[PDB]
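Everything below belongs to query19.cif, which stores mmCIF, C-alpha atoms and all ligand atoms.
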data_target
#
loop_
_atom_site.group_PDB
_atom_site.id
_atom_site.type_symbol
_atom_site.label_atom_id
_atom_site.label_comp_id
_atom_site.auth_asym_id
_atom_site.auth_seq_id
_atom_site.Cartn_x
_atom_site.Cartn_y
_atom_site.Cartn_z
ATOM 1 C CA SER A 57 11.012 -19.930 -5.920
ATOM 2 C CA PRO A 58 13.281 -21.144 -3.052
ATOM 3 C CA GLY A 59 15.407 -18.094 -1.989
ATOM 4 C CA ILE A 60 12.305 -15.894 -1.404
ATOM 5 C CA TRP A 61 11.278 -14.802 2.051
ATOM 6 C CA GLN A 62 8.664 -12.470 3.431
ATOM 7 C CA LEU A 63 9.408 -10.396 6.544
ATOM 8 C CA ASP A 64 6.976 -8.317 8.655
ATOM 9 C CA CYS A 65 6.306 -7.269 12.231
ATOM 10 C CA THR A 66 3.108 -7.842 14.255
ATOM 11 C CA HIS A 67 2.149 -6.552 17.682
ATOM 12 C CA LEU A 68 1.035 -8.495 20.700
ATOM 13 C CA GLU A 69 0.775 -7.536 24.342
ATOM 14 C CA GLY A 70 2.577 -4.246 23.630
ATOM 15 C CA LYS A 71 5.555 -6.157 22.067
ATOM 16 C CA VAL A 72 6.936 -6.612 18.558
ATOM 17 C CA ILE A 73 7.118 -9.976 16.785
ATOM 18 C CA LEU A 74 9.296 -10.171 13.644
ATOM 19 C CA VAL A 75 7.941 -12.946 11.439
ATOM 20 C CA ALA A 76 9.815 -14.394 8.451
ATOM 21 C CA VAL A 77 8.020 -16.781 6.073
ATOM 22 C CA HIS A 78 9.735 -18.940 3.484
ATOM 23 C CA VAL A 79 7.235 -18.300 0.764
ATOM 24 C CA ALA A 80 7.564 -21.597 -1.118
ATOM 25 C CA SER A 81 7.112 -23.831 2.025
ATOM 26 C CA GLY A 82 5.104 -21.891 4.639
ATOM 27 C CA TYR A 83 8.019 -22.367 7.074
ATOM 28 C CA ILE A 84 8.347 -19.600 9.642
ATOM 29 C CA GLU A 85 10.955 -18.107 11.948
ATOM 30 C CA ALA A 86 10.093 -15.528 14.543
ATOM 31 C CA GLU A 87 11.553 -13.398 17.277
ATOM 32 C CA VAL A 88 10.159 -11.073 19.827
ATOM 33 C CA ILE A 89 11.998 -7.789 19.662
ATOM 34 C CA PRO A 90 12.100 -4.835 22.031
ATOM 35 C CA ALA A 91 11.604 -2.216 19.316
ATOM 36 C CA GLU A 92 10.305 -2.177 15.739
ATOM 37 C CA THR A 93 13.721 -0.912 14.569
ATOM 38 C CA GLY A 94 16.018 -0.853 11.498
ATOM 39 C CA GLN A 95 18.864 -2.414 13.524
ATOM 40 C CA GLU A 96 16.731 -5.257 14.935
ATOM 41 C CA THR A 97 15.563 -6.023 11.406
ATOM 42 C CA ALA A 98 19.149 -5.942 10.168
ATOM 43 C CA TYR A 99 20.308 -8.357 12.834
ATOM 44 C CA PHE A 100 17.444 -10.692 12.275
ATOM 45 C CA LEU A 101 18.380 -10.871 8.576
ATOM 46 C CA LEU A 102 21.990 -11.610 9.353
ATOM 47 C CA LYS A 103 20.836 -14.539 11.444
ATOM 48 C CA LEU A 104 18.322 -15.760 8.899
ATOM 49 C CA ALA A 105 20.850 -15.534 6.039
ATOM 50 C CA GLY A 106 23.482 -17.621 7.920
ATOM 51 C CA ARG A 107 20.973 -20.448 8.277
ATOM 52 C CA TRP A 108 19.193 -20.560 4.894
ATOM 53 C CA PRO A 109 20.141 -19.595 1.331
ATOM 54 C CA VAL A 110 18.297 -16.210 1.361
ATOM 55 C CA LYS A 111 18.249 -14.403 -2.005
ATOM 56 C CA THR A 112 15.340 -12.023 -1.883
ATOM 57 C CA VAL A 113 13.141 -10.535 0.795
ATOM 58 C CA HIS A 114 9.662 -8.966 0.480
ATOM 59 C CA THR A 115 7.684 -7.165 3.090
ATOM 60 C CA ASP A 116 4.207 -5.561 3.314
ATOM 61 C CA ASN A 117 5.798 -2.338 4.633
ATOM 62 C CA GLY A 118 8.541 -1.088 2.329
ATOM 63 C CA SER A 119 9.700 1.575 4.782
ATOM 64 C CA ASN A 120 10.900 -1.397 6.968
ATOM 65 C CA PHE A 121 13.956 -1.667 4.681
ATOM 66 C CA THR A 122 14.847 1.941 4.504
ATOM 67 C CA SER A 123 17.520 2.121 7.253
ATOM 68 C CA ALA A 124 21.163 2.134 6.361
ATOM 69 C CA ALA A 125 21.659 -0.748 8.903
ATOM 70 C CA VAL A 126 19.205 -2.940 6.950
ATOM 71 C CA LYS A 127 20.704 -2.077 3.577
ATOM 72 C CA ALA A 128 24.224 -2.720 4.896
ATOM 73 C CA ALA A 129 23.114 -6.210 6.185
ATOM 74 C CA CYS A 130 21.507 -7.034 2.806
ATOM 75 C CA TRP A 131 24.619 -5.833 1.015
ATOM 76 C CA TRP A 132 26.966 -7.975 3.183
ATOM 77 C CA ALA A 133 24.787 -11.080 3.079
ATOM 78 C CA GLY A 134 24.054 -10.831 -0.642
ATOM 79 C CA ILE A 135 20.300 -10.310 -0.236
ATOM 80 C CA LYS A 136 18.070 -8.282 -2.618
ATOM 81 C CA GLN A 137 14.625 -6.727 -1.942
ATOM 82 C CA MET A 154 0.487 -16.019 8.378
ATOM 83 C CA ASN A 155 0.322 -13.453 11.156
ATOM 84 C CA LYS A 156 -3.317 -14.269 12.111
ATOM 85 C CA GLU A 157 -2.658 -18.063 12.017
ATOM 86 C CA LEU A 158 0.413 -17.612 14.263
ATOM 87 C CA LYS A 159 -1.580 -15.417 16.688
ATOM 88 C CA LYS A 160 -4.125 -18.213 16.653
ATOM 89 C CA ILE A 161 -1.504 -20.764 17.751
ATOM 90 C CA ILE A 162 0.013 -18.257 20.206
ATOM 91 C CA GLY A 163 -3.457 -17.889 21.888
ATOM 92 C CA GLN A 164 -3.776 -21.678 22.337
ATOM 93 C CA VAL A 165 -0.396 -22.116 24.094
ATOM 94 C CA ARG A 166 -0.261 -18.708 25.695
ATOM 95 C CA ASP A 167 -1.264 -20.043 29.153
ATOM 96 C CA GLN A 168 1.575 -22.536 29.205
ATOM 97 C CA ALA A 169 4.306 -19.988 29.384
ATOM 98 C CA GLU A 170 5.197 -16.956 31.345
ATOM 99 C CA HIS A 171 6.970 -14.983 28.593
ATOM 100 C CA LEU A 172 5.406 -14.084 25.293
ATOM 101 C CA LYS A 173 8.760 -14.916 23.537
ATOM 102 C CA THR A 174 8.372 -18.465 24.852
ATOM 103 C CA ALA A 175 4.746 -18.745 23.579
ATOM 104 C CA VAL A 176 5.955 -17.410 20.216
ATOM 105 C CA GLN A 177 8.620 -20.115 19.901
ATOM 106 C CA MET A 178 6.173 -22.853 20.978
ATOM 107 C CA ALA A 179 3.792 -21.584 18.289
ATOM 108 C CA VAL A 180 6.533 -21.487 15.652
ATOM 109 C CA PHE A 181 7.374 -25.082 16.510
ATOM 110 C CA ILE A 182 3.780 -26.238 16.288
ATOM 111 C CA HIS A 183 3.274 -24.354 13.040
ATOM 112 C CA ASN A 184 6.441 -25.854 11.418
ATOM 113 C CA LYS A 185 5.763 -29.430 12.661
ATOM 114 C CA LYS A 186 1.991 -29.609 11.754
ATOM 115 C CA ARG A 187 1.048 -32.004 8.887
ATOM 116 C CA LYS A 188 -2.198 -30.953 7.144
ATOM 117 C CA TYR A 194 4.575 -33.119 4.804
ATOM 118 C CA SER A 195 5.022 -30.315 7.424
ATOM 119 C CA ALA A 196 6.355 -26.840 6.646
ATOM 120 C CA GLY A 197 9.755 -27.786 8.260
ATOM 121 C CA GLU A 198 10.046 -30.753 5.905
ATOM 122 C CA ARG A 199 8.984 -28.789 2.797
ATOM 123 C CA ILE A 200 11.588 -26.101 3.382
ATOM 124 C CA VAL A 201 14.307 -28.717 3.650
ATOM 125 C CA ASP A 202 13.040 -30.738 0.653
ATOM 126 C CA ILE A 203 12.719 -27.595 -1.558
ATOM 127 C CA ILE A 204 16.206 -26.378 -0.651
ATOM 128 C CA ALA A 205 17.996 -29.736 -1.066
ATOM 129 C CA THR A 206 16.456 -30.255 -4.486
ATOM 130 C CA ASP A 207 17.619 -26.775 -5.641
ATOM 131 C CA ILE A 208 21.302 -27.358 -4.615
ATOM 132 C CA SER B 57 23.046 -39.642 12.670
ATOM 133 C CA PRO B 58 20.840 -36.655 11.642
ATOM 134 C CA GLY B 59 18.859 -35.634 14.802
ATOM 135 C CA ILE B 60 22.054 -35.238 16.909
ATOM 136 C CA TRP B 61 23.240 -31.863 18.088
ATOM 137 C CA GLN B 62 25.980 -30.661 20.373
ATOM 138 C CA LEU B 63 25.418 -27.604 22.583
ATOM 139 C CA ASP B 64 27.994 -25.656 24.649
ATOM 140 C CA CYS B 65 28.826 -22.147 25.799
ATOM 141 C CA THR B 66 32.072 -20.214 25.187
ATOM 142 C CA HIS B 67 33.196 -16.872 26.564
ATOM 143 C CA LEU B 68 34.350 -13.824 24.692
ATOM 144 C CA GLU B 69 34.772 -10.232 25.771
ATOM 145 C CA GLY B 70 33.060 -11.003 29.096
ATOM 146 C CA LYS B 71 29.964 -12.390 27.237
ATOM 147 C CA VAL B 72 28.444 -15.831 26.706
ATOM 148 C CA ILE B 73 28.084 -17.470 23.289
ATOM 149 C CA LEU B 74 25.790 -20.525 23.058
ATOM 150 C CA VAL B 75 26.970 -22.671 20.160
ATOM 151 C CA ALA B 76 24.942 -25.536 18.673
ATOM 152 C CA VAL B 77 26.569 -27.884 16.139
ATOM 153 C CA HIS B 78 24.690 -30.331 13.951
ATOM 154 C CA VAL B 79 27.112 -33.157 14.405
ATOM 155 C CA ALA B 80 26.604 -34.903 11.055
ATOM 156 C CA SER B 81 27.090 -31.697 8.922
ATOM 157 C CA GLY B 82 29.255 -29.227 10.882
ATOM 158 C CA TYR B 83 26.414 -26.677 10.597
ATOM 159 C CA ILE B 84 26.272 -24.205 13.465
ATOM 160 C CA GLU B 85 23.801 -21.867 15.131
ATOM 161 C CA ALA B 86 24.843 -19.401 17.769
ATOM 162 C CA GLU B 87 23.555 -16.699 20.046
ATOM 163 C CA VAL B 88 25.118 -14.288 22.410
ATOM 164 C CA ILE B 89 23.388 -14.511 25.750
ATOM 165 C CA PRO B 90 23.471 -12.251 28.789
ATOM 166 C CA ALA B 91 23.960 -15.077 31.289
ATOM 167 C CA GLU B 92 25.131 -18.695 31.154
ATOM 168 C CA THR B 93 21.721 -19.793 32.496
ATOM 169 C CA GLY B 94 19.320 -22.784 32.527
ATOM 170 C CA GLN B 95 16.495 -20.605 31.141
ATOM 171 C CA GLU B 96 18.579 -19.163 28.277
ATOM 172 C CA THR B 97 19.593 -22.699 27.344
ATOM 173 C CA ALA B 98 15.971 -23.816 27.508
ATOM 174 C CA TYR B 99 14.825 -21.024 25.233
ATOM 175 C CA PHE B 100 17.586 -21.593 22.779
ATOM 176 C CA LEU B 101 16.513 -25.249 22.500
ATOM 177 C CA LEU B 102 12.910 -24.322 21.919
ATOM 178 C CA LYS B 103 14.037 -22.164 19.028
ATOM 179 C CA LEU B 104 16.415 -24.747 17.627
ATOM 180 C CA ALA B 105 13.796 -27.525 17.840
ATOM 181 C CA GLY B 106 11.163 -25.478 15.917
ATOM 182 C CA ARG B 107 13.584 -25.103 13.018
ATOM 183 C CA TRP B 108 15.238 -28.538 12.721
ATOM 184 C CA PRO B 109 14.198 -32.100 13.590
ATOM 185 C CA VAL B 110 16.156 -32.259 16.907
ATOM 186 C CA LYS B 111 16.146 -35.690 18.589
ATOM 187 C CA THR B 112 19.138 -35.756 20.866
ATOM 188 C CA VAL B 113 21.481 -33.212 22.370
ATOM 189 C CA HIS B 114 24.997 -33.705 23.802
ATOM 190 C CA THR B 115 27.129 -31.232 25.625
ATOM 191 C CA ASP B 116 30.664 -31.187 27.110
ATOM 192 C CA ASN B 117 29.232 -29.935 30.434
ATOM 193 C CA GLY B 118 26.454 -32.189 31.696
ATOM 194 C CA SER B 119 25.475 -29.798 34.486
ATOM 195 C CA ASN B 120 24.252 -27.464 31.638
ATOM 196 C CA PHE B 121 21.109 -29.633 31.396
ATOM 197 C CA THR B 122 20.336 -29.913 35.024
ATOM 198 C CA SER B 123 17.770 -27.083 35.397
ATOM 199 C CA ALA B 124 14.101 -27.849 35.508
ATOM 200 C CA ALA B 125 13.597 -25.186 32.739
ATOM 201 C CA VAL B 126 15.904 -27.139 30.393
ATOM 202 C CA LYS B 127 14.316 -30.489 31.186
ATOM 203 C CA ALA B 128 10.825 -29.026 30.717
ATOM 204 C CA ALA B 129 11.860 -27.648 27.238
ATOM 205 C CA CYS B 130 13.316 -31.047 26.237
ATOM 206 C CA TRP B 131 10.186 -32.774 27.482
ATOM 207 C CA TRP B 132 7.846 -30.448 25.505
ATOM 208 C CA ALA B 133 9.911 -30.511 22.322
ATOM 209 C CA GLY B 134 10.520 -34.262 22.411
ATOM 210 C CA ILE B 135 14.301 -34.005 22.812
ATOM 211 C CA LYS B 136 16.513 -36.536 24.673
ATOM 212 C CA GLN B 137 20.032 -36.036 26.128
ATOM 213 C CA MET B 154 34.200 -25.869 16.715
ATOM 214 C CA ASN B 155 34.552 -23.196 19.372
ATOM 215 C CA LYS B 156 38.193 -22.336 18.462
ATOM 216 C CA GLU B 157 37.402 -22.267 14.693
ATOM 217 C CA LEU B 158 34.429 -19.935 15.333
ATOM 218 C CA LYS B 159 36.581 -17.663 17.542
ATOM 219 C CA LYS B 160 39.027 -17.682 14.658
ATOM 220 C CA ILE B 161 36.360 -16.400 12.243
ATOM 221 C CA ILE B 162 35.018 -13.990 14.889
ATOM 222 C CA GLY B 163 38.556 -12.442 15.193
ATOM 223 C CA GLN B 164 38.761 -11.864 11.414
ATOM 224 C CA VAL B 165 35.433 -9.977 11.160
ATOM 225 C CA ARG B 166 35.472 -8.501 14.626
ATOM 226 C CA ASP B 167 36.551 -5.032 13.381
ATOM 227 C CA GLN B 168 33.632 -4.790 10.994
ATOM 228 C CA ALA B 169 30.998 -4.612 13.643
ATOM 229 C CA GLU B 170 30.282 -2.736 16.773
ATOM 230 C CA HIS B 171 28.480 -5.496 18.707
ATOM 231 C CA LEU B 172 29.956 -8.879 19.431
ATOM 232 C CA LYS B 173 26.515 -10.487 18.656
ATOM 233 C CA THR B 174 26.827 -9.055 15.146
ATOM 234 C CA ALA B 175 30.394 -10.441 14.691
ATOM 235 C CA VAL B 176 29.113 -13.808 15.947
ATOM 236 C CA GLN B 177 26.347 -13.930 13.328
ATOM 237 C CA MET B 178 28.735 -12.836 10.545
ATOM 238 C CA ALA B 179 31.061 -15.651 11.632
ATOM 239 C CA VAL B 180 28.234 -18.195 11.732
ATOM 240 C CA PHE B 181 27.301 -17.175 8.202
ATOM 241 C CA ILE B 182 30.842 -17.477 6.912
ATOM 242 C CA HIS B 183 31.297 -20.808 8.658
ATOM 243 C CA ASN B 184 28.025 -22.264 7.215
ATOM 244 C CA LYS B 185 28.624 -20.912 3.663
ATOM 245 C CA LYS B 186 32.353 -21.941 3.318
ATOM 246 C CA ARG B 187 33.110 -24.748 0.790
ATOM 247 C CA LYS B 188 36.326 -26.639 1.661
ATOM 248 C CA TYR B 194 29.405 -28.664 -0.345
ATOM 249 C CA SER B 195 29.147 -26.135 2.566
ATOM 250 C CA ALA B 196 27.907 -26.996 6.056
ATOM 251 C CA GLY B 197 24.536 -25.232 5.290
ATOM 252 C CA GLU B 198 24.060 -27.464 2.252
ATOM 253 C CA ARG B 199 25.077 -30.677 4.064
ATOM 254 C CA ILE B 200 22.590 -30.103 6.862
ATOM 255 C CA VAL B 201 19.794 -29.645 4.356
ATOM 256 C CA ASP B 202 20.884 -32.607 2.185
ATOM 257 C CA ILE B 203 21.233 -34.942 5.233
ATOM 258 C CA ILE B 204 17.824 -33.963 6.604
ATOM 259 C CA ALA B 205 15.907 -34.191 3.300
ATOM 260 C CA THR B 206 17.305 -37.640 2.604
ATOM 261 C CA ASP B 207 16.222 -38.883 6.080
ATOM 262 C CA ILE B 208 12.560 -37.710 5.665
HETATM 263 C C1 LIG C 1 10.625 -18.817 33.024
HETATM 264 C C2 LIG C 1 10.262 -20.239 32.693
HETATM 265 S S1 LIG C 1 10.322 -21.411 33.993
HETATM 266 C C3 LIG C 1 9.786 -22.726 33.044
HETATM 267 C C4 LIG C 1 9.645 -24.056 33.642
HETATM 268 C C5 LIG C 1 10.452 -24.517 34.676
HETATM 269 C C6 LIG C 1 10.225 -25.799 35.151
HETATM 270 N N1 LIG C 1 9.213 -26.564 34.642
HETATM 271 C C7 LIG C 1 8.423 -26.129 33.669
HETATM 272 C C8 LIG C 1 8.615 -24.850 33.144
HETATM 273 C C9 LIG C 1 9.609 -22.235 31.654
HETATM 274 C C10 LIG C 1 9.212 -23.084 30.543
HETATM 275 C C11 LIG C 1 7.962 -22.994 30.074
HETATM 276 C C12 LIG C 1 7.526 -23.668 28.807
HETATM 277 C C13 LIG C 1 8.591 -24.509 28.121
HETATM 278 C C14 LIG C 1 7.894 -25.676 27.507
HETATM 279 C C15 LIG C 1 9.196 -23.743 26.995
HETATM 280 C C16 LIG C 1 9.790 -24.940 28.957
HETATM 281 C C17 LIG C 1 10.312 -23.939 29.973
HETATM 282 C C18 LIG C 1 9.858 -20.911 31.424
HETATM 283 C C19 LIG C 1 9.668 -20.274 30.121
HETATM 284 O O1 LIG C 1 10.760 -19.440 29.881
HETATM 285 C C20 LIG C 1 11.959 -19.950 29.309
HETATM 286 C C21 LIG C 1 11.665 -20.809 28.097
HETATM 287 C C22 LIG C 1 12.748 -20.739 30.347
HETATM 288 C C23 LIG C 1 12.767 -18.700 28.930
HETATM 289 C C24 LIG C 1 8.436 -19.376 30.206
HETATM 290 O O2 LIG C 1 8.333 -18.298 29.486
HETATM 291 O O3 LIG C 1 7.494 -19.602 30.917
HETATM 292 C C1 LIG C 2 24.856 -0.802 15.169
HETATM 293 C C2 LIG C 2 25.158 -1.092 13.723
HETATM 294 S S1 LIG C 2 25.104 0.252 12.602
HETATM 295 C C3 LIG C 2 25.560 -0.665 11.236
HETATM 296 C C4 LIG C 2 25.677 -0.023 9.923
HETATM 297 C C5 LIG C 2 24.892 1.054 9.529
HETATM 298 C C6 LIG C 2 25.092 1.568 8.258
HETATM 299 N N1 LIG C 2 26.058 1.054 7.439
HETATM 300 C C7 LIG C 2 26.828 0.038 7.810
HETATM 301 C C8 LIG C 2 26.661 -0.526 9.076
HETATM 302 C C9 LIG C 2 25.705 -2.078 11.669
HETATM 303 C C10 LIG C 2 26.033 -3.170 10.768
HETATM 304 C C11 LIG C 2 27.267 -3.684 10.796
HETATM 305 C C12 LIG C 2 27.634 -4.940 10.062
HETATM 306 C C13 LIG C 2 26.517 -5.557 9.235
HETATM 307 C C14 LIG C 2 27.152 -6.150 8.023
HETATM 308 C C15 LIG C 2 25.900 -6.689 9.981
HETATM 309 C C16 LIG C 2 25.335 -4.665 8.878
HETATM 310 C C17 LIG C 2 24.885 -3.669 9.932
HETATM 311 C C18 LIG C 2 25.494 -2.348 12.992
HETATM 312 C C19 LIG C 2 25.659 -3.680 13.575
HETATM 313 O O1 LIG C 2 24.588 -3.913 14.438
HETATM 314 C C20 LIG C 2 23.352 -4.424 13.951
HETATM 315 C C21 LIG C 2 23.573 -5.613 13.039
HETATM 316 C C22 LIG C 2 22.574 -3.331 13.229
HETATM 317 C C23 LIG C 2 22.575 -4.822 15.214
HETATM 318 C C24 LIG C 2 26.922 -3.671 14.431
HETATM 319 O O2 LIG C 2 27.037 -4.433 15.479
HETATM 320 O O3 LIG C 2 27.881 -2.984 14.197
HETATM 321 MG MG MG C 3 5.595 -5.027 8.964
HETATM 322 MG MG MG C 4 29.497 -25.517 27.896
#

Using structure tokens, write down the structure that the file contains.
Ligand SMILES: Cc1sc(-c2ccncc2)c(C2=CCC(C)(C)CC2)c1[C@H](OC(C)(C)C)C(=O)O
Ligand SMILES: Cc1sc(-c2ccncc2)c(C2=CCC(C)(C)CC2)c1[C@H](OC(C)(C)C)C(=O)O
Ligand SMILES: [Mg+2]
Ligand SMILES: [Mg+2]
Amino acid sequence: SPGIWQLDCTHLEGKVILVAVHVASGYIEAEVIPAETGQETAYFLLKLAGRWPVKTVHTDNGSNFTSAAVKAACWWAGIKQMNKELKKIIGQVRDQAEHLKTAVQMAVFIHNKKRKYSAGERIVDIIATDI
Amino acid sequence: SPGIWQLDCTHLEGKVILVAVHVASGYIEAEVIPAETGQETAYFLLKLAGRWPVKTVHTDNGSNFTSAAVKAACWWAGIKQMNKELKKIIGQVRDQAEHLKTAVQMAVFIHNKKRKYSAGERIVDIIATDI
């Protein structure tokens, strides 16, 4: 179902990576964040929701969505309630970039553009059809 | 044509807002950035390119794309070379949020979800068709 996303944080090099997966396509968005925090999560959701038709969000750690900041973002945006593969791609391009956040975005790109239709194409095809 | 984006910076409250417009749809992405810098622009493009099939980018200030960081990001991602309306929406929601970056993302959401088909729907429809 096309409005369903998964959201979790991983850790790498002492930093936090917020990973969102569009469950039906495998498409990912990610951001390096300073702190694993309610407010960072809330902001990330605001951004994600302005870009895609987000209806529901799941996570493997329910306490992620406990802050009032997160619930207020879900309320306003109308939202209700891969990490090893991405680390794999991060490891392969890690040498090419100084900043982890750069390596993360290179890895997101590679992941979404890989054909093995790509994830980036499936998300768009699934969403257009549903309209 | 569907791989064409426009990219510029505006200023608000002493901060920098990087605004990307998908020319064929009116769809926008935006980010508040600390500094109007080559490296911020480069990073923004990396992110944008991992999410949408970006072919070409235009800007109203050509010197924006002069840094080696920007050219290296365009090279790696395979890329070649609204602000008053968004400020309008920012002004309307500005009171609801503490941080400008939050007001910016609320305004991007509103702009992409408005029907007056919405911009968010047109981008997806235009891209799916082209595949
Ligand atoms: C801090 C720098 S300098 C620099 C650069 C400058 C000139 N030529 C090549 C790379 C780069 C790039 C490396 C990989 C890239 C393909 C994303 C493009 C730009 C970066 C890069 O940071 C950016 C993306 C500019 C914030 C990095 O973390 O190393
Ligand atoms: C720094 C805070 S606290 C807070 C909040 C907390 C509890 N209830 C309502 C709003 C909010 C929210 C305001 C508007 C919103 C619709 C995006 C949702 C979350 C914020 C918000 O910053 C975030 C989005 C958390 C980084 C802000 O700039 O004011
Ligand atoms: Mg988690
Ligand atoms: Mg400009």

- Item | Contacts of range 158-174 of chain B within 7 Å, all atoms listed in the file, excl. fewer than 5 positions in-chain, as a PyMOL selection string | (chain A and resi 99) or (chain B and resi 88+179)

Output C-alpha atoms for every residue in that selection, as a short mmCIF file (atom, residue, chain, number, x, y, z; two decimals), in the coordinates of the input.
data_model
loop_
_atom_site.label_atom_id
_atom_site.label_comp_id
_atom_site.auth_asym_id
_atom_site.auth_seq_id
_atom_site.Cartn_x
_atom_site.Cartn_y
_atom_site.Cartn_z
CA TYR A 99 20.31 -8.36 12.83
CA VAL B 88 25.12 -14.29 22.41
CA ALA B 179 31.06 -15.65 11.63
#

Interface list for chain B, partner chain A, 10 Å threshold, all atoms listed in the file, as a PDB file with C-alpha atoms, in the coordinates of the input:
ATOM      1  CA  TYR B  83      26.414 -26.677  10.597  1.00  0.00           C
ATOM      2  CA  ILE B  84      26.272 -24.205  13.465  1.00  0.00           C
ATOM      3  CA  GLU B  85      23.801 -21.867  15.131  1.00  0.00           C
ATOM      4  CA  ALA B  86      24.843 -19.401  17.769  1.00  0.00           C
ATOM      5  CA  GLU B  87      23.555 -16.699  20.046  1.00  0.00           C
ATOM      6  CA  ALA B  98      15.971 -23.816  27.508  1.00  0.00           C
ATOM      7  CA  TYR B  99      14.825 -21.024  25.233  1.00  0.00           C
ATOM      8  CA  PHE B 100      17.586 -21.593  22.779  1.00  0.00           C
ATOM      9  CA  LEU B 101      16.513 -25.249  22.500  1.00  0.00           C
ATOM     10  CA  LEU B 102      12.910 -24.322  21.919  1.00  0.00           C
ATOM     11  CA  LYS B 103      14.037 -22.164  19.028  1.00  0.00           C
ATOM     12  CA  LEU B 104      16.415 -24.747  17.627  1.00  0.00           C
ATOM     13  CA  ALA B 105      13.796 -27.525  17.840  1.00  0.00           C
ATOM     14  CA  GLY B 106      11.163 -25.478  15.917  1.00  0.00           C
ATOM     15  CA  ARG B 107      13.584 -25.103  13.018  1.00  0.00           C
ATOM     16  CA  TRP B 108      15.238 -28.538  12.721  1.00  0.00           C
ATOM     17  CA  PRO B 109      14.198 -32.100  13.590  1.00  0.00           C
ATOM     18  CA  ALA B 129      11.860 -27.648  27.238  1.00  0.00           C
ATOM     19  CA  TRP B 132       7.846 -30.448  25.505  1.00  0.00           C
ATOM     20  CA  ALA B 133       9.911 -30.511  22.322  1.00  0.00           C
ATOM     21  CA  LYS B 173      26.515 -10.487  18.656  1.00  0.00           C
ATOM     22  CA  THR B 174      26.827  -9.055  15.146  1.00  0.00           C
ATOM     23  CA  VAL B 176      29.113 -13.808  15.947  1.00  0.00           C
ATOM     24  CA  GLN B 177      26.347 -13.930  13.328  1.00  0.00           C
ATOM     25  CA  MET B 178      28.735 -12.836  10.545  1.00  0.00           C
ATOM     26  CA  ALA B 179      31.061 -15.651  11.632  1.00  0.00           C
ATOM     27  CA  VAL B 180      28.234 -18.195  11.732  1.00  0.00           C
ATOM     28  CA  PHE B 181      27.301 -17.175   8.202  1.00  0.00           C
ATOM     29  CA  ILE B 182      30.842 -17.477   6.912  1.00  0.00           C
ATOM     30  CA  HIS B 183      31.297 -20.808   8.658  1.00  0.00           C
ATOM     31  CA  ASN B 184      28.025 -22.264   7.215  1.00  0.00           C
ATOM     32  CA  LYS B 185      28.624 -20.912   3.663  1.00  0.00           C
ATOM     33  CA  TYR B 194      29.405 -28.664  -0.345  1.00  0.00           C
ATOM     34  CA  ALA B 196      27.907 -26.996   6.056  1.00  0.00           C
ATOM     35  CA  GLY B 197      24.536 -25.232   5.290  1.00  0.00           C
ATOM     36  CA  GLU B 198      24.060 -27.464   2.252  1.00  0.00           C
ATOM     37  CA  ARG B 199      25.077 -30.677   4.064  1.00  0.00           C
ATOM     38  CA  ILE B 200      22.590 -30.103   6.862  1.00  0.00           C
ATOM     39  CA  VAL B 201      19.794 -29.645   4.356  1.00  0.00           C
ATOM     40  CA  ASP B 202      20.884 -32.607   2.185  1.00  0.00           C
ATOM     41  CA  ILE B 203      21.233 -34.942   5.233  1.00  0.00           C
ATOM     42  CA  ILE B 204      17.824 -33.963   6.604  1.00  0.00           C
ATOM     43  CA  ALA B 205      15.907 -34.191   3.300  1.00  0.00           C
ATOM     44  CA  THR B 206      17.305 -37.640   2.604  1.00  0.00           C
ATOM     45  CA  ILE B 208      12.560 -37.710   5.665  1.00  0.00           C
TER      46      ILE B 208
END

- Query: What residues have an atom no more than 8 Å from (8.8, -1.5, 20.8) in the file's own frame, counting all atoms listed in the file, and can you write them as a PyMOL selection string?
  - Reply: chain A and resi 70-72+89-93

- Item | Within 9 Å of file point (21.4, -11.4, -3.6), counting all atoms listed in the file, expressed as a ChimeraX atom specification | /A:110-112,130-131,133-137

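Taking all atoms listed in the file into account, the protein and nucleic acid residues that come at most 8 Å from ligand MG 4 (chain C) are residues 63, 64, 65, 66, 74, 115, 116, 117 and 120 of chain B.
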
- Could you please determine the separation between CA of residue 207 in chain B and CA of residue 80 in chain B in Å, to one decimal place?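 Separation of CA of residue 207 in chain B and CA of residue 80 in chain B: 12.2 Å.
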
- Task: Pick out the residues sitting within 10 Å of residue 79 in chain A, and hand them over as a VMD selection string; count all atoms listed in the file, and ignore anything fewer than 3 positions along from it in its own chain.
- Result: chain A and resid 57 to 62 76 82 to 84 113 to 114 200

Need the axis-aligned box for ligand LIG 1 (chain C) with 4 Å each side, so what are the centre and edges in Å to one decimal, as JSON?
{"center_x": 10.1, "center_y": -22.4, "center_z": 31.1, "size_x": 13.3, "size_y": 16.3, "size_z": 16.2}

- Task: May I ask for the distance between CA of residue 118 in chain A and CA of residue 94 in chain A, given in Å to one decimal place?
- Result: 11.8 Å

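You can rank B:128, B:157, B:187, B:175 by their closest distance to ligand LIG 1 (chain C) using all atoms listed in the file, and at the top of that list sits B:128.
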
- Message: Rounded to one decimal, what separation in Å do you get between atom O1 of ligand LIG 1 (chain C) and CA of residue 126 in chain B?
- Response: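 Separation between atom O1 of ligand LIG 1 (chain C) and CA of residue 126 in chain B: 9.3 Å.
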
- Pick from B:78, B:127, B:156, B:67: nearest to ligand LIG 1 (chain C), with all atoms listed in the file counted?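 Closest candidate: B:127.
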
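Counting all atoms listed in the file and comparing A:188, A:97, A:121, A:154, the residue that lies closest to ligand LIG 2 (chain C) is A:97.
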